[PDB]
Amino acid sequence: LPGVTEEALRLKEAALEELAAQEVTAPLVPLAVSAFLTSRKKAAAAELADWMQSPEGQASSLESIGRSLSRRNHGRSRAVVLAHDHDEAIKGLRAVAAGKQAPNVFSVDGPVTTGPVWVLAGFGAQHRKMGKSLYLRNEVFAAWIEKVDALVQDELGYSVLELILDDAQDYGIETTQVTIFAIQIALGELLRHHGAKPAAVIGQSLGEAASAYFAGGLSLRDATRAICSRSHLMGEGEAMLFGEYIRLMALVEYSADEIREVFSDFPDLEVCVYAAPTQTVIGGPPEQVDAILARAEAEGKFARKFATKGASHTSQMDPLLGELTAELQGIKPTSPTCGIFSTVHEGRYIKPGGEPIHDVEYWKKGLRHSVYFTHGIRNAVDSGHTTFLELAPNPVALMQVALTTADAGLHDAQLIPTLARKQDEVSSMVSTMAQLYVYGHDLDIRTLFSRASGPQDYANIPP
């Protein structure tokens, strides 16, 4: 396998140079508090805040306090205050104490019943600097990026890391896919590193490759093969599209049943994505695409044309299917080591230990056919899931998950983002992991702090 390219090393040197010269912002510190009883939890938050108001407490670094907190027994009733300084922490703890809500405070009476679903989508989520910050500041994250970087170099001949590190480089159809995949793989292994794991995975479109890997349905290598193949064929295919060959994609706020109706006016439109229960992404000849939009606006419905000259998940894709078959020959579909809600196979569930689904044909069917995303999520809700965690550079899919959950009578779900444009990426992950903790999912909160060197790494937190 190829190593990290000299150009990446150069860009990295310059990135760390830029980084060294920034004003140093206060880290986000997760402060855990638990008990068998909420009432005990509440009072413990009270004592802890009281003491933090005191000189001894005021003299103890938030980090040292959180470290000690992370070493207590973690009860059924859990809370986390996310804080940058003592005041934020004290204010936050008062909330926990009063049982009141606040943005930086999470507090639940008992652990969530069922394990989390990992949502891996990616469309719409890309942005200039995605994953650069976390790449420079998290070794685990970084090591995983470099592993996908190396594999993509092998399959395609270029370095995804270079794209991440180079502020002047923007993303196209092909490079979005492989890079968002890189970030997805890396976020999920970071999450695994801290002891977290998915109960089930669901893929959306682009994200199906990462979902396959995390569900243990394919090795990293083959999953990389899967995203690489589709990406370049799609990216190279759409660049060649002009005039009468062009096919647009567009989100319209119509349900599946509204579409059956609406479509009788447009004979060449197809469904790309059933995104939400009244949000559908369609595709076809640009005049028809323009007309379904015009008629959406004439009804006060949301409608958004995508930046592309070709429609994935439509008949247009047929000519690619042959080369796709050939380029994926040899991949080894394995048996899922967790649940998969397959949005390719109509949102249906596959059981851990079930038969392999990720065969060459699956990728062929994935690209050709509709993405049943709202049905997947609905399936998940119905069978008990309430925690949906999205591995993305921007939590765009959670916006869809929200509409499906609400529609299904689940009015409070645990919708957990990861990275977000214009949010600190380290703070982001600390918050993700804090949530997993508070809802009582697997997460070794001890790992959010480094091994203590001396006794100053601890705090005299009240009994």
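In case it trips you up, residue 1 is the first one in the sequence shown, and so on.
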Next item on the list: Would you tell me which stretch averages the higher CA B-factor in the PDB entry, 178-186 or 324-332?
Entry: 324-332
Check: Of the two stretches 130-138 and 85-93, which shows the higher Cα B-factor on average in the entry?
Finding: 85-93
Next item on the list: Please pick out which of 49, 416, 29, 401 has the largest Cα B-factor as recorded in the entry.
Entry: 49
Margin query: Highest recorded C-alpha temperature factor, please, choosing from 65, 438, 43, 397.
Written below: 43
Checklist line | Assigned third (lowest, middle, highest) for the C-alpha B factor of residue 23 | finding: highest
Margin query: Among the modelled residues of this chain, does the Cα B factor of residue 388 put it in the lowest, middle or highest third?
Written below: lowest
Next item on the list: Using the B-factors in the PDB entry, rank residue 35's C-alpha atom against the chain and give the third, lowest, middle or highest.
Entry: highest
Item checked: CA B-factor ranking of residue 313, expressed as a third of its chain -> lowest
Margin query: Could you place residue 69 in the lowest, middle or highest third of its chain by Cα temperature factor, using the values in the record?
Written below: lowest
